[PDB]
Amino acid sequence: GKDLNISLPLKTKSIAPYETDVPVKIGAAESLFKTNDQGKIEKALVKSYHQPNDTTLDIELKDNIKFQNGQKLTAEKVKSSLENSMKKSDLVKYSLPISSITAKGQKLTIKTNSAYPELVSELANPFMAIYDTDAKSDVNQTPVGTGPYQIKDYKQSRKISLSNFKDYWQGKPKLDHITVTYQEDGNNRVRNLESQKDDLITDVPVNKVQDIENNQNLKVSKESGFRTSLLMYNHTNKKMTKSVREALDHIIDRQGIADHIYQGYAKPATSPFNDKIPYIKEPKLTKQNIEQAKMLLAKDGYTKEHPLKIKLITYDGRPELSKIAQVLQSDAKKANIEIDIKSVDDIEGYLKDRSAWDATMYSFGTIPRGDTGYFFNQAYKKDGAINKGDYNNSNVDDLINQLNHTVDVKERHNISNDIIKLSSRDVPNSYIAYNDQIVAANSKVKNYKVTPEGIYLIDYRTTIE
């Protein structure tokens, strides 16, 4: 049958939709709302919604949607799914300040205590995908969604087997089966594609694009997106002072990284957000300056006889991150910083031990749904789900909290720019590059998604000629 083999980086433990975006990526689960190819929020599972006042969201769900096990998608099922996800995930919890949910038939009413203009947008987050909470199986193993492909088998951290859900609401899915295997090394993912072990791969190393373009049996897609690579500091280690972060920021050669590590498939970064976004007021671009870094390190007593030691974590999934780490190590030596690079296979798990790292290479989708609030809440607030280094500044918190209740879109842009300006002074993280989305496939594979948010991949139209 029409079977598709996919090789993905970033192995998962739990496959519950509130633990990872993989279920949405591979076509197993769907959120109430979704972004279209142009990045705009649209109803997906929702027929109609209204906001009669600024604390009330009334949703009417479509009446023709079933979960993969044949159960009807109803307002009660959505209520139970959202409530379970909020209680089991801080990412979900902190993004959804929901005070109550009522459900009757296909009608759902979601209330908040104060205005939260980004509520609809966050209900499009793949971590908010809807699953059947009454399913008897473990949601961490075989969640039941409404997507075109049902997860039938999961070998933890290794492989996911999916089968066509013939009654999928949007259309009869075009593939019979999908097999997803994890592979952290991008060079191995490319070899898998070249040997036909796999048919579709993500996160293609830049240094392999030309080879794929040359092959008439393969195709590579390279698109502008909203993913940013960065050096993330562990603020809980007292040695990681403002001067140390500033020194590290000046050791990075963003221009050189974009040109030679990313081979032009990236632009140097300033803030978390891609500079192509026209309302973003970016901080000034940092140029590498080893002498300035040495001077800043002298402020804390670091010299050649007594250098600063930094344990820098990296991971293979995003192939350029470890290449950047190597360059930072070499350049930092010139400034009296000895960097030890530790590559780990489970980055999210590893970083939980606050004593195990000083800084980490990282990559994140910083503006997946057209608003900067999400990033600020998840990265710059204490206990936000990607704030692994625990950056927090009361002055920044106040602005983020203000932003969260700000209705006027223009005022939101202004407050957001104020947050960027103020936070930038602290160097919470050093944003390195805004890098392009590179996906490759056998030429026989058609209609997979390579859109700027980098979340979606498989849908009901994806096929093998």
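When you see a residue number, it is the position in the sequence shown, counting from 1.
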So 244 to 252 or 230 to 238, which one's hotter by mean CA B-factor in the entry?
244 to 252
Once average C-alpha B-factors are taken from the entry for 207 to 215 and 126 to 134, the winner is 207 to 215
Going by the CA temperature factor in the entry, name the top one among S85, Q150, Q196, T270.
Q196
Name the one of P143, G105, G317, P283 with the greatest CA B-factor according to the PDB entry.
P283
Just say lowest, middle or highest third for the CA B-factor of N429 relative to the other modelled residues in its chain.
lowest
Taking the C-alpha B-factors as the PDB entry records them, is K323 in the lowest, middle or highest third of its chain?
middle
Could you say whether, by C-alpha temperature factor, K25 belongs to the lowest, middle or highest third of its chain?
lowest
Ranked C-alpha temperature factor of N36 among modelled chain residues, by third
highest
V445: CA temperature factor from the record, placed by chain third, in the highest
